[PDB]
Amino acid sequence: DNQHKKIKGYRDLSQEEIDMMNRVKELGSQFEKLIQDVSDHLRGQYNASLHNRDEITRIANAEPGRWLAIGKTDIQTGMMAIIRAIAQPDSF
Amino acid sequence: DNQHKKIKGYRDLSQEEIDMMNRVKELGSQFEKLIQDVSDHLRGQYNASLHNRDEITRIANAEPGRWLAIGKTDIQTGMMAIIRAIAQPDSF
Amino acid sequence: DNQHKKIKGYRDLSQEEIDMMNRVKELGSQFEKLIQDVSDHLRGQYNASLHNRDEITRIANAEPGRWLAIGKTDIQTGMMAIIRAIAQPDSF
Amino acid sequence: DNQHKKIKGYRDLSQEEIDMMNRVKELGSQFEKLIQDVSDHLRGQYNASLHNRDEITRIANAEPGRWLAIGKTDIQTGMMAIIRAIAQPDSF
Amino acid sequence: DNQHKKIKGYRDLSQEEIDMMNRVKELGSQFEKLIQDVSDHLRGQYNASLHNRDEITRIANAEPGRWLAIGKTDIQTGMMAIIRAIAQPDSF
Amino acid sequence: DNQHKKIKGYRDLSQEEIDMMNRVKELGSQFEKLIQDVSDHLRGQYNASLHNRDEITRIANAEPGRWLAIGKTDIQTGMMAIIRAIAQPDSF
């Protein structure tokens, strides 16, 4: 379909550009694995700390699940910006 | 000096927590290498395209150096948020 | 070349999806025109105010060129996020 | 009440400045309509895909509702920054 | 344990640097108090307005709890960036 | 002129709402003073370190002026979001 040629901003890309975009994506998958690992650590920390009210309150005050979510969003939009720097669409 | 114990929010950390923070940092160094690589690609692209006004205008309109900078800032603040999710400082 | 099929995350798209992505892009071009208009207003404001030190200091303290730049970056990354919500790449 | 004169940062505005602020707001309402349209598309996509587990998993992995929400927040804060570039409050 | 010396990026800090970091943190606690105050105002506003459908719809359309949450996240990441400007870790 | 009534989104405000907005602004001026203080510290640090190439390279690698600028932008947009949570404009 060459669907991309139907989207505004399309630019033809070299293999080097594609490889660089794929590299950002592969590095991102390593961050995704790391984030899943941190999330499992947090789930365990909470489970172990059940019934310890002071530690449950400490975890709630630290808001680690929220901070992990912020980090995930920043990593992903950062990847998107690096890829746009490579792909260089001809649109605003 | 135990300087960190002089900073508000200090919490004692386990080795697992330190290892996880170091992992985020090591993955970040891979992104830093990737960003330096993209930046060199851009420098070459501009050099090759000197005197080709239409392509110099295309590069200026795509603003790839700006987009790369945005991506770097997002990757770094994302790392900071994941590390805070691990370290869990006891402060706002 | 079907270059996009060489990029990780590729998904086939319907015409409706392409139309929606093009609509975001067209609305973005209206914002780009608006931002260029505001930038010209600022250039005039500064020119008129040359030699009026108090008003030059007021403009420098308000930092309108910086705020306009922040707005441009937010509009553009917002467009990128809406387009990802439509295109739904199969990658992190 | 002239309530705005009770808020720090107040600056008197010209009609041109008000018109420009209203234009950003009107362009924003077009983006709000577009975002509502994308949200309805997503609701349909999910409904059609109910019982197709592989496609429900694809949608959940793509997180399009989250990405649309990120785009909405960026469009709105971008509007706020362009308006501050026009209005130029005399405060930090 | 000198745990911080086990984290990459560690740099020794002066008392002035620690005092400056503590000041950012103390100013942050004032913002946290302010945000809690605004949140209580919103809870009251909603309670008073129960049964007034037009005003409940106005509040839902204004999304003040969402905007307050965005402000909290920006204040906190801003604090983190100022503290990094002071602490100057030797890592990406 | 009641200029604000000419801007879309206008809502009448109570004195409590105005006081809360002014409080955010006053707390912001304390952050602005703190940021100016950190900026002066950085200027001194650089001056003292002139001719010490290793320390000049350390400062350049830490990018503290950039991080301080990021923090300033986050503090200011955070203030803007808290104020919108108070003022609750009737527009997107």
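Residue numbering begins at 1 within each chain, and the chains themselves are lettered A, B, C, D, E and F in the order written.
Keep this in mind: a contact is a pair of C-beta atoms (placed from the backbone, for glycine too) under 8 Å apart; a residue touches a chain by one contact, two chains touch by 3 or more.
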| item | value |
| --- | --- |
| Between C-D and D-F, the pair joined by more C-beta contacts | C-D |
| Which listed pair, A-B, B-E or C-D, duplicates the contacts of A-C in over half of its pairs | B-E |
| Computed distance of Cα centres, chain F from chain E, in Å | 13 |
| Chain centre separation (chain B, chain D; CA means) in Å | 27 |
| Residues within chain C bordering two or more other chains | 31, 70, 73, 77, 79-81, 84 |
| Residues of chain F touching chain E in the complex | 16, 20, 23-24, 27, 30-31, 34-35, 37-38, 41-42, 58-59, 61-62, 64-65, 67-68, 70-75, 77-86, 88-90 |
| Contact set on chain C toward chain A in their complex | 1-4, 6-9, 12-13, 18, 21-22, 25-26, 28-29, 31-32, 76-77, 79-81, 84, 91-92 |
